[PDB]
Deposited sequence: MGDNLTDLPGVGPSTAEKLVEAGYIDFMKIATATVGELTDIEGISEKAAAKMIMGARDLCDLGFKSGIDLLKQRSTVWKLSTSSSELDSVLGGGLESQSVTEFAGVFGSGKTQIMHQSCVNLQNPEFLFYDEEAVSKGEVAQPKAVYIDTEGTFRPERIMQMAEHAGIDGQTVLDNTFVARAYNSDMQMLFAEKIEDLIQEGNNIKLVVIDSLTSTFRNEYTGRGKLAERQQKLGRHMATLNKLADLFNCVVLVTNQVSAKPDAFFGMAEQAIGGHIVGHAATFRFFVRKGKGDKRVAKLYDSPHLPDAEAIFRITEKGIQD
């Protein structure tokens, strides 16, 4: 931190204590955030932000450099061939993917399957020239369970059928039970803490994304506050995904809010499930057929 202009030893200490440890957070911070640190003037605040942006080369980029940025995105396999295809490879890091679906469509299954697949290194697709092994080494998952449907048994099961050690999945997945939107949001904001503590958080699951908000803001006479809070929650999620190059998944029970990728899942015949990609920034809408068995997502 003392590398930054306007940052002395005493200032560095305040910064690390206020949770500002890495350059990107400072580079992307506002003067307000930094001035609420006490002992930090605005001039010093503005100087370090400018410095952080420069040390992180956050300026205009063109030509080939535009390709390199996009190459830092790695993807997580879903164990479904058709789904990975419709996804253009698999679930993208640096983005928020949503699986909306009717009751029992498999939203929660996909979340569990994703935590398991994170532990199979061959399920993380990436350009080894833009993403080093170390960056995806000892990957960990954060599971914000708002429904109370996290099932370690399902994790163990999905894991064995994948030839992955179940306990290892459990040992590398942080679960937080949220009972309302307040807890749901705070847990997400605290993910930074797990990372500063040395945890290579690469997957974040929010199941469910909307249940709490709908339950608390029932009265459609204050839907504004609702949209606001949630919007702020999505901002936090998108930033988290970009800055920590990790995949963010969210579920939504349906039978408006921000989401980079949008799916609507429905039940087919028995095992069958039909997921429809109806919105994304660079891919055409498409359908993916797969099934949910004792092994998890397959085909």
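No C-alpha positions are given for the deposited-sequence stretches 1-4, 260-278.
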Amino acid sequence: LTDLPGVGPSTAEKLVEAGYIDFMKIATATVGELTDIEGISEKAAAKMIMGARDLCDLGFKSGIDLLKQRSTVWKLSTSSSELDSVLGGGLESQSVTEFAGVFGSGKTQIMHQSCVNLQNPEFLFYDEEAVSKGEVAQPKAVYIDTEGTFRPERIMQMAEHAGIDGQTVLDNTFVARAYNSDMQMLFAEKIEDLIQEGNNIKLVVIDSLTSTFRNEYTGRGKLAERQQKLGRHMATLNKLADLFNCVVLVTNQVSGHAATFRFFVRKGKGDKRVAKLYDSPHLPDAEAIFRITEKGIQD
From here on, numbers count along this sequence of modelled residues.
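For clarity, a rigid core is taken as the largest C-alpha set superposing within 1.5 Å between two forms.
Between stretches 269-277 and 59-67, greater average Cα displacement in 6 other deposited structures of this protein relative to the shown form, fitted by the core, falls on 59-67. Note on 82-90 and 68-76: with rigid core alignment, C-alpha atoms in 6 other deposited structures of this protein sit farther from this form for 68-76. For the segment pair 263-271 and 39-47, the entry gives 39-47 the higher mean B-factor, averaged over Cα atoms.
Mean CA temperature factor is higher for 130-138 when stretches 169-177 and 130-138 are set side by side in the entry.
Across the residues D182, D193, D84, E98, the deposited record lists the maximum Cα B factor for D193. For the set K75, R220, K202, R154, the maximum C-alpha B-factor listed in the entry falls on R220.
Ranked against the other modelled residues of its chain, the C-alpha B-factor of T30 as given in the entry falls in the highest third. In this PDB entry, the Cα temperature factor of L55 sits in the top third of its chain's modelled residues, the highest group. In this PDB entry, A224 carries a Cα temperature factor that places it within the highest third of its chain's modelled residues. Annotation for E189: CA B-factor lies in the middle third of the chain's modelled residues. Ranked against the other modelled residues of its chain, the C-alpha B-factor of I64 as given in the entry falls in the highest third.
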